[PDB]
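Presented below, as structure tokens, is a lone chain in the form deposited without its partner chain.
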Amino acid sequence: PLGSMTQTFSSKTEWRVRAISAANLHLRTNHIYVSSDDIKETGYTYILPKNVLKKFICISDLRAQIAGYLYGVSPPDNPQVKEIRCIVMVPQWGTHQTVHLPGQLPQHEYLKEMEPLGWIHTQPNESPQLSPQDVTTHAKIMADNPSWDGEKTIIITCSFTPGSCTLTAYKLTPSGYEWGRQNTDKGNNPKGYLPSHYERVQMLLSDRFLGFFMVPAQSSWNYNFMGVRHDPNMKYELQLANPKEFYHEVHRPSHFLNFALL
């Protein structure tokens, strides 16, 4: 060889650097911005409670997107406003462009008094436009679940702007639904996608009431390290409890059992 060098490669697994950065996510919860419409209004106003937003941020990753389902109701005399009352974490795994949720929507006695309001997901980069993956996901959920009204369900993106998180809420259009339910291209400029597939909706952060989380009854929600155990057909029940952070030990047991070997 150049037998005057001799270098040993030393592993530098990428999840470790990501696990260090995920431990500083809490700093972003003090600087949380909501884009104001300028589109402008579309029907309902969504009020998101800060407590679950902050927790949603703290349990996330900066590269792999995570998602929760939105549930809530209208203030008593006020049909115009949708207060988000619960975020549901279901078994999932993600990449930087999409999340993979089960086909089964949440089912629990506690949600049957509320209505489904859509979903929220983290995004690595802030983007001026709703992802086509997002439009496709939202439209295929609508096709398989009549309970999701096109005029009542939204996508909230929570984008990792530097030192911050910026929230923006979108709804599908009729034309968006029809395009996204038939769409099978995963990439970023799939044929037929266009910006008239969604509108922006007004969203407000509030401190006057608290939301709560539901999580799976047996597993946790994070399968990004146990992907093989995750399946679109998987079934899950729910419990009233708070979600564990992304790199909690229960989400990556093989890191703990294969290090102990030997």
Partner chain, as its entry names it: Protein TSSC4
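Residue numbers count along the first chain shown, from 1.
The same protein also has a form solved in complex with its partner chain, omitted here; what follows describes it.
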Are all three residues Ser36, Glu126 and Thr166 in contact with its partner chain in the bound PDB entry, where contact means a non-hydrogen atom within 4.5 Å? yes
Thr161 within 4.5 Å of its partner chain in the bound PDB entry, heavy atoms: yes
Might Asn30 be said to contact its partner chain in the bound PDB entry, defining contact as any heavy atom within 4.5 Å? yes
With a cut-off of 4.5 Å between heavy atoms, is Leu194 one of the residues that contacts its partner chain in the bound PDB entry? no
With the partner left out here, check for me: in the bound PDB entry, does some heavy atom of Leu204 sit within 4.5 Å of its partner chain? yes
Heavy atoms within 4.5 Å of its partner chain in the bound PDB entry: which stretch among 115-123, 137-145, 166-174, 181-189? 166-174
Using a 4.5 Å cut-off on heavy atoms, which residues of 53-83 contact its partner chain in the bound PDB entry? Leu53, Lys54
